[PDB]
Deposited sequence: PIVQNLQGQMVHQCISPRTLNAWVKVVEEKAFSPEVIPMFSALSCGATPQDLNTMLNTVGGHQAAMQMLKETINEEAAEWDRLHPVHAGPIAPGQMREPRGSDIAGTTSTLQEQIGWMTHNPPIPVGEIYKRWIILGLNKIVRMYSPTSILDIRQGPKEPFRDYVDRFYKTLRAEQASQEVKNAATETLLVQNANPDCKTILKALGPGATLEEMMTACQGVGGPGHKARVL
């Protein structure tokens, strides 16, 4: 990421081994489950475009997903080039880090006024990662139906987990006959707290 030294000039702080390993391990364990994205964002805090690429390059498997991410980056970079025509001023390929030095990236971010190439590129990466989360989502919301002997609590967990990866009235629909009858009896506009308390 980014620091000001004792000499006054702003220079690249080396990305830490804890952070490097943290990001590698989350992707190993959680793949591209929704919670990986908030974590990516947090671990890549204050990151230069170089650092962002470092973090993505440390991911070992999942090359289909990472290739999809490349395409989303290439798309968002072209969209930037369209809205910001060269008349230095950072183009899309400079923001993604393909055609810009580290000192330039430090330049734009630490410049006054700040051109936050790191936060912009992260926005594109996250945008791409979300697309990956949505595709790799295994089950559809429609197929989450409460089992006969399944607790409501466990069904609601499965419902809103599936919902996050990919509505309040559907939760009632896909409940089992016994809970469904109790849920309809509470009437319209009932809170999840009340619904869960009822089927306990």
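Trainee: Could you list the ranges of the deposited sequence that have no C-alpha atoms in the model?
Mentor: Since the structure holds only modelled residues, the stretches it omits are 88 to 96, 176 to 185, 220 to 231.
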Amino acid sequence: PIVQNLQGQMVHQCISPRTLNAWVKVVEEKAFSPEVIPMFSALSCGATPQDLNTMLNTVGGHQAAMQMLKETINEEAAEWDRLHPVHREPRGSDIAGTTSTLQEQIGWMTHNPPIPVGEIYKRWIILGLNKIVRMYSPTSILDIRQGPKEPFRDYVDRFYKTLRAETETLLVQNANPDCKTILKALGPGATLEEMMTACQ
From here on, numbers count along this sequence of modelled residues.
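If you superpose the two forms and keep the largest set of C-alpha atoms that fall within 1.5 Å, you have the rigid core.
Trainee: Out of 12 to 20 and 172 to 180, which one drifts farther from the shown form in 5 other deposited structures of this protein in terms of CA positions, with the fit done on the rigid core?
Mentor: Stretch with the higher C-alpha RMS distance in 5 other deposited structures of this protein: 12 to 20.
Trainee: Report the stretch with the higher mean CA temperature factor, choosing between 107 to 115 and 69 to 77 on the basis of the entry.
Mentor: In the deposited entry, the stretch with the higher C-alpha B-factor mean is 107 to 115.
Trainee: Decide which of the stretches 41 to 49 and 151 to 159 has the higher mean C-alpha B-factor, going by the entry.
Mentor: Higher mean C-alpha B-factor: 151 to 159.
Trainee: In terms of CA temperature factor as recorded, identify the highest of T54, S33, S140, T167.
Mentor: Highest CA B-factor of the listed options: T167.
Trainee: According to the deposited entry, which of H12, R18, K25, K180 has the largest Cα B-factor?
Mentor: In this record, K180 carries the highest C-alpha B-factor of the candidates.
Trainee: Divide the modelled residues of the chain into thirds by Cα B-factor and specify which third, lowest, middle or highest, holds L129.
Mentor: Lowest third.
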